[PDB]
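The structure appears right after this line, and notes come after that.
The values are calculated or read from the model by the stated rules, or taken from the named source; no laboratory instrument gave them. Cβ sites come from the backbone with ideal geometry, for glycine too, and all protein chains shown count toward neighbours.
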Amino acid sequence: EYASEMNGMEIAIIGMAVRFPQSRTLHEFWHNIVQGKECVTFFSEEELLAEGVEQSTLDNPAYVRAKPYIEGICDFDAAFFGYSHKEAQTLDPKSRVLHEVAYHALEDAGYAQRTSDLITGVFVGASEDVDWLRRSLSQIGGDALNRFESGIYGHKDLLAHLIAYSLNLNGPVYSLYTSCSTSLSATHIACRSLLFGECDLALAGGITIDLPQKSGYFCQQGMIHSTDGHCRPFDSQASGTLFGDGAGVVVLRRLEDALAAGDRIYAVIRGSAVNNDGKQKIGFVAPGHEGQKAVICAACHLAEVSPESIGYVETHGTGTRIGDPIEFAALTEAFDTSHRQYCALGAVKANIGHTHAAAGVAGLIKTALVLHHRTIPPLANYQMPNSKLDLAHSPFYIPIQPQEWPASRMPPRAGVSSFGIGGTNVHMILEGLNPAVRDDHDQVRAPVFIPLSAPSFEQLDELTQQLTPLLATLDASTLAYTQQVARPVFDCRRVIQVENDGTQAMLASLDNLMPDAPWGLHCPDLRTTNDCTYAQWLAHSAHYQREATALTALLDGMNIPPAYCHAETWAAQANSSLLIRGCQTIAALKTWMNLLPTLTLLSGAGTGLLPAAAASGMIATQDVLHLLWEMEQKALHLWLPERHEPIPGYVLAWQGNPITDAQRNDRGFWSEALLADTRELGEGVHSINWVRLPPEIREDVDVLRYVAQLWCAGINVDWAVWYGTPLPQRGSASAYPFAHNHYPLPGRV
Amino acid sequence: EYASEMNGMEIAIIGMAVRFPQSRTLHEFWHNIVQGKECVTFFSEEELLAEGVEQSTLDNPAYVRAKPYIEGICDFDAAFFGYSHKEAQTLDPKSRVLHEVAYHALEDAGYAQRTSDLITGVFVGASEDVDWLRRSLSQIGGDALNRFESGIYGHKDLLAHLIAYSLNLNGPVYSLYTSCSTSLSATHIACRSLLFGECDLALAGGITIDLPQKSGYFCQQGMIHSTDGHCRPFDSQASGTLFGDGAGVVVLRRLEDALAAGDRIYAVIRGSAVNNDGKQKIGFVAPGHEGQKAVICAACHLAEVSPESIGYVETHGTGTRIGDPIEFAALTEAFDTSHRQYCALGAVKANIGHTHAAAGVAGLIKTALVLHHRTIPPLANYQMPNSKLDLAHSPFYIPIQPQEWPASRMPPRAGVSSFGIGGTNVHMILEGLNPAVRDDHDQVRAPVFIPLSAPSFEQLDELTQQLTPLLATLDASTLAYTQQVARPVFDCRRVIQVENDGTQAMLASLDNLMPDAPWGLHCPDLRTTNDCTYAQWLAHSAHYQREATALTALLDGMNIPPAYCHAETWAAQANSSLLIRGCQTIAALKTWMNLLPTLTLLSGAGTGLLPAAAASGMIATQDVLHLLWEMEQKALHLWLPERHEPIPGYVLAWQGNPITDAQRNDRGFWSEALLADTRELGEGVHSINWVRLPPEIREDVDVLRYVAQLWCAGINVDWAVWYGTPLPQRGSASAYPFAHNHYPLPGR
């Protein structure tokens, strides 16, 4: 829950995906952040010569062989996003990488393929590097049609529109640029476009791929750059600024919609200000002290947040000698508080370098993870404060070792600053959420079931190997529920059972399974039997209880005695009646049609045929219920009801033979079936699949195991029917395994 | 003035500028629009071959020798925007052109060098050309630092931040791209930034320049490019689209602020919508029926505008044979009304071609001019409707002749639609404001003065020759007023007096002025002169009337009046009462001080020292009214005042000799001062410029003529002080004369 006063300006971060340096996933990114490790990979001369960088530049001492690079520039799943191999070859690598990162952000949001009723805008940015321009334009142009298609597909300008076209997003799709605050500017436009209500979801956040991956950079004195290959923000050894690669996408909702839909929310963006320096600085690349102070004050006033209550600031933190004290003094002036050493500082550019179009979304994703985990990270590469940082009389301390959030700064509020080269300064105030009530004291909960699904079996193997650090990071219950309801399903399926001690047990396939057969559920004669089509196991399911309330409301005005009209009392008086057994079987079959929506046949022998017919809709419920009352006591003058047709996707059976619109008008075989009361099991051959549980069901999760084994077959099980009236909070499941085909870079000088 | 409902959603287009094909200014653009002029030019083989296009590419029959191009992409005034010459050479030729167009839009809004208290955002978007990438990266990378600076100045994506740096705009500055709708998406999020309160002004715009200017293009079957160099939207012989260069910037403001600040408003964007096609089309480069229909419906809903009240729709109108019936059908099914042919269809791409990424602001500027001029333009190259177009069962007709905006369509609402290749569809609903009243009642009353100013006399001559089409189009009085209050002043100045027949007479300069002399206002003796400090001519000023009312409100508490008060009949006893001559002089002097900010001396011949000290603050105003009443009766002893401190500046003199802090404290100087002198040049020689008006003054525009000659003689004039309580309306004055320097394109 949020637990602060809700103005209208509240945007929730409901799912984030990264491809930062050494940070392929969000958990690897958080691991690098809380471990405080630099993600720059210093290379070797053989690696530079392999990537096409010549010894006449390797011998140059102002060429630092270091780059915070991204693995997987050339890998792309073309067919998943609707591309041909020729189209994916002509695509920019930024287009391919942000295709995958944006899909992973929708997946982490829980909206991977349920973007139909939601308007989703794509607000992404992209840096431009001249290296891709040299490679792509230096190739032979050929014809004019190919050149027009190459200018459409292979430029970063149409990045957002390609992402929207592949992911079928029909909101405000903009491709922004403000050159270092590009992705907090994109997040600001996303927040404003959501608060206006143009879109209901918003993908925000940029990408930089410096085409030559595994290369170095030319440090130079007139530039600002890291002279040694490390970025040291707010540090006495601040060498300069290290330009990494990166890609980050956040998915954003209004907090009212995100709380109503049960979305996991990392943090909420309370307010966001954007200004520009204009001429109020030294030059075009200079920082502006007053512009940064004004944007922090405007965002704090925006968020109705006093900077007393801010416990972390993700600074822009470029690691330069002169820009860091301007940023610190602007933060000190905007925090006109006279409270000393309470807010932490941070810079993600210590870890992943400057990212230049994903720098703002790097800071936003890092700050949302900081508020989500309530853990102040360490600021990497920091030992001594910069000599002109007046750190002692300031609001801000710098964390050297990871710590949890201070108790006297609650609710956790934090600020994300990204200040552009170009002058565009963005500040965002973010508030953390109160953590979820885990009512377990690490007691024995249940074996949970994680339904992995991939379009091919090797990707399913990638998923199953992905599940092990995922269970190392999260809890099994929310990961299981999120893979149940928030992930789209595909052909190749696999369920993993996870116990209290973490052991990933693959559920076995179903036996006696034949392909291309209808799915049926048969209920025996309820006069002799006791199981009311497994209704003692659906008694928790908050849908059986819903249909029990429905039959209670229908019965009140129908039947006299109290013991038949109280809900949730039917467990003890189950064997004491037949009307109770029929009502239990009605609600059980309704839940067994909600689950397994492709369960097509309904079957029933003896007096369970009236539950089968009333659930299927072939007979109305009224005459079934009071008819079942006289089968409870009278068994004389049965009244055969009206011939209704069932629910048109569904179909009835008697013992496996479908009694469907060929005999249904007859009074003969209905009364012959009902008055017989035989219960005899159904025949061996019906060429269909029976929903028949194993007889070792004693623990209320073996039924969930069985419907998981059903899901591992062709059934598209709707798992939300199963769960009780406290539904599980969602959280983050697996990321998609992409069928990584390889497209090389056409490199030419 | 607006005549609709203020929901708080309205954004006023208060200033526009273009650089379109054959459209250097806004008026050339509107002339090309109303004449239906196709602004595409066709080249000969010698012109293209000498321009730098290969002979094989010329004699290819799949080459079309036509391009709607911008004149002057290599010209730029670098020193105006803070650029050195190499630094402006490293600017791409979209940065230079859009600095000029953006300054012209901000100047047309009247906020050139007035964006101090206003937070101004820049929301522009360029479309990158592969050919200037070939130029700029065909240059040798001699240094790494030069490559970094040439990557942050050479790339179009820093376009908005370069504009905001050069113009000192400190609001939300974004560079955007949504394709054929880049500049309407820019206008859209500019509108949302204004409506949210992020910025008070917003420069929204876009630009394409495909850098071989004057060069043809390649067409074939798989491209949408036109077969014959003609863009013919909604036409039977629609060949295909025709891509040209273009630039255009609108300046936007919230409508309540634009009405409060008295801005000229072209049109009012009532509501805007942006969606995307998504995957719901055939391909990525295809148009989408449902996206366009949904965005037109959403924009009409958010604007609270019924689609039967829309009298003109500026379409995308790309000129293709397939996309034109798709766009017409989406407009038809978004216009759910059953009325037939009440709305005109427009397409600026008939005129200027598909100016990519400036097409949205081309259509928006055209639509805002249509609503401003209340004129429905022809659709150019239109002869016959397309065979898939059902104009008969539709809300739309295609005008062939320039029609007036019909009655029973007030207030004039219009929609503008730009539909990107990329899927982003923007639709906007614009409402025209109202016509200007023109309350001269077709009579001759006043020559009016147009203060041109420029930093050099070549620029000032160019600005002077701007006035023949500007007076051919605009009203002279509002042209003069918005030159007076809404243009920045520079050093080289020239006033052009325009009489009521429109003939331009340059206003002759002051033939006797002294350059370093401080300016002073001498007022003579009050006992002998029936005339005050030109107060009979300054009576019509609003500032003078305000000061007279406040002064009389001070006066009547302890004046023991003879009831000659209330400051509206002071001309009645301006021959007799020394009291109201003195008070009238005080109010006038003070008006002269507020009208000319560089006024210093206040010399007086005797009893004019009381109004002089009343303005300069050395004696309090109540004290000089009381003492001057005592001088009116004069039977008692003379009074020595409290002798307060002087105001900074505004120093006192007696005959031109600035006397302060030597005998300003004691008594007898005041005695020999309040005894009269009756001498005009009492100083002899002191090298002081005076505000002695010409001796022949009849028409009351002669005093404004003298103030204009003072302005042309090197001092600032607060021109708004002069005018009455109905102030004139601002309008469009004059495009700035940029000192063009040629920056050639690099080879290959």
**Prompt:** How many residues does segment A:408-450 hold that are aromatic (F, W, Y) and part of a loop (DSSP other than H, G, I, E, B)?
**Reply:** 0
**Fill in**
Looking across segment A:174-187 at residues that are assigned to a helix (DSSP H, G or I) and either without any contact (Cβ under 8 Å) to a residue 40 or more places away in the chain or more than 26 Å from A:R114 (Cβ to Cβ) (or both), the single one that is nearest to the other protein chains (Cβ to nearest Cβ) is A:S185
**Prompt:** Looking at segment A:34-71, which of the residues that are touching a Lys or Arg at 6+ places or on another chain (Cβ under 8 Å) and of a type in the set (F, W, Y) is nearest to A:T355 (Cα to Cα)?
**Reply:** A:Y69
**Prompt:** Do you know which residues across segment B:354-378 are surrounded by fewer than 24 Cβ atoms within 10 Å (Cβ to Cβ) and over 22 Å from B:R264 (Cβ atoms)?
**Reply:** B:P378
**Prompt:** If a residue has to be closer than 23 Å to A:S226 by Cβ, outside any loop (DSSP other than H, G, I, E, B) and touching a strand residue (DSSP E or B) at 6+ places or on another chain (Cβ under 9 Å) to count, how many in segment A:343-352 make the cut?
**Reply:** 5
**Request:** Considering only residues that are touching a helix residue (DSSP H, G or I) at 6+ places or on another chain (Cβ under 7 Å) and at negative phi, look in segment A:214-228 and name the one that is farthest from the other protein chains (Cβ to nearest Cβ).
**Result:** A:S215
**Message:** Restricting to segment A:451-461, count the residues that are part of a helix (DSSP H, G or I) and either among the hydroxyl-bearing types (S, T, Y) or surrounded by fewer than 20 Cβ atoms within 10 Å (Cβ to Cβ) (or both).
**Reply:** 4
**Request:** Name the single residue, out of those in segment A:126-168 being under 34 Å from the mean Cα position of the chain (by Cα) and outside any helix (DSSP H, G or I), that is nearest to the other protein chains (Cβ to nearest Cβ).
**Result:** A:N168
**Prompt:** So which residues in segment B:664-694 are under 23 Å from B:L710 (Cα atoms), among the aliphatic types (A, V, I, L, M) and in contact (Cβ under 8 Å) with a residue 40 or more places away in the chain, if there are any at all?
**Reply:** B:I688, B:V691, B:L693
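Here is a yes/no grid of residues against (1) surrounded by 22 or more Cβ atoms within 10 Å (Cβ to Cβ); (2) part of a helix (DSSP H, G or I):
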{"position": "B:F29", "(1), (2)": "yes, yes"}
{"position": "B:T57", "(1), (2)": "no, yes"}
{"position": "B:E71", "(1), (2)": "no, no"}
{"position": "B:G82", "(1), (2)": "no, no"}
{"position": "B:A105", "(1), (2)": "yes, yes"}
**Request:** Identify all residues within segment B:465-494 that are of a type in the set (A, V, I, L, M, F, W, C) and either in a helix (DSSP H, G or I) or surrounded by fewer than 20 Cβ atoms within 10 Å (Cβ to Cβ) (or both); write none if there are none.
**Result:** B:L467, B:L470, B:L471, B:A472, B:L474, B:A476, B:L479, B:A480, B:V485, B:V489, B:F490, B:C492
**Request:** Scan segment B:303-315 and report the pairs whose first residue is on the phi > 0 side of the Ramachandran plot and assigned by TED's automatic domain parsing to the domain that holds B:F328 and whose second residue is in a loop (DSSP other than H, G, I, E, B) and surrounded by fewer than 20 Cβ atoms within 10 Å (Cβ to Cβ), with Cβ atoms within less than 9 Å and a gap of 6+ or a chain change.
**Result:** B:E304/B:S4; B:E304/B:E5; B:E304/B:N7; B:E304/B:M9
**Prompt:** So how many residues does segment A:598-630 have that are closer than 21 Å to A:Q663 by Cβ and either assigned to a helix (DSSP H, G or I) or of a type outside the set (A, V, I, L, M, F, W, C) (or both)?
**Reply:** 18
**Request:** Determine whether A:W537 is closer than 18 Å to A:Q709 by Cβ, surrounded by 15 or more Cβ atoms within 10 Å (Cβ to Cβ) and touching a strand residue (DSSP E or B) at 6+ places or on another chain (Cβ under 7 Å).
**Result:** no
**Message:** For the list (1) surrounded by fewer than 24 Cβ atoms within 10 Å (Cβ to Cβ); (2) within 30 Å of B:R134 (Cα to Cα), I need the number of the one condition that A:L158 fails.
**Reply:** (1)
**Within segment A:277-318, considering residues that are among the basic types (K, R) and part of a loop (DSSP other than H, G, I, E, B), the one nearest to the other protein chains (Cβ to nearest Cβ)** = A:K279
**Prompt:** Which residues, counting only those in segment B:255-267, are in contact with a strand residue (DSSP E or B) (Cβ under 6 Å, 6 or more places away or on another chain) and more than 30 Å from B:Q213 (Cβ to Cβ)?
**Reply:** B:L255, B:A258, B:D263, B:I265, B:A267
**Fill in**
Within segment B:193-210, residues being outside any loop (DSSP other than H, G, I, E, B) and within 7 Å of chain A (Cβ to nearest Cβ) number 1
**Item:** Tally, over segment B:21-50, of residues that are among the hydrophobic types (A, V, I, L, M, F, W, C) and closer than 19 Å to B:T473 by Cα
**Value:** 5
**Fill in**
Those residues of segment A:325-342 that are without any contact (Cβ under 8 Å) to a residue 60 or more places away in the chain and either part of a strand (DSSP E or B) or among the charged types (D, E, K, R) (or both) come to a total of 3
**Residue check, B:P385 out of contact with any helix residue (DSSP H, G or I) (no Cβ under 6 Å at 6 or more places or on another chain) and either among the polar types (S, T, N, Q) or more than 14 Å from chain A (Cβ to nearest Cβ) (or both)** = yes
**Asked** Do we have any residue at all in segment A:689-701 that's crowded, with 16+ Cβ neighbours inside 10 Å, out of contact with any strand residue (DSSP E or B) (no Cβ under 6 Å at 6 or more places or on another chain) and among the charged types (D, E, K, R)?
**Response** no
**Message:** Cβ-Cβ under 6 Å, sequence separation 6+ or interchain: first residue in segment A:391-402 and assigned by TED's automatic domain parsing to the domain that holds A:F335 and under 10 Å from A:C343 (Cα atoms), partner in a strand (DSSP E or B) and aliphatic (A, V, I, L, M). Which pairs?
**Reply:** A:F396/A:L345; A:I398/A:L345; A:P399/A:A344; A:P399/A:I376
**Total residues in segment B:56-72, condition among the β-branched types (V, I, T) and closer than 12 Å to B:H225 by Cα** = 1
**Message:** Just checking, does segment B:110-125 include any residue being hydroxyl-bearing (S, T, Y), within 12 Å of chain A (Cβ to nearest Cβ), in contact (Cβ under 8 Å) with a residue 12 or more places away in the chain and farther than 29 Å from B:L452 by Cα?
**Reply:** no
**Complete:** In the set A:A273, A:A258, A:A190, the lone residue that is under 35 Å from the mean Cα position of the chain (by Cα) and at the interface with another protein chain (Cβ under 9 Å from one of its Cβ atoms) is A:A273
**Item:** Yes/no for A:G171 being among the small types (G, A, S), within 26 Å of B:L159 (Cβ to Cβ), surrounded by 24 or more Cβ atoms within 10 Å (Cβ to Cβ) and facing chain B (nearest Cβ under 9 Å)
**Value:** yes
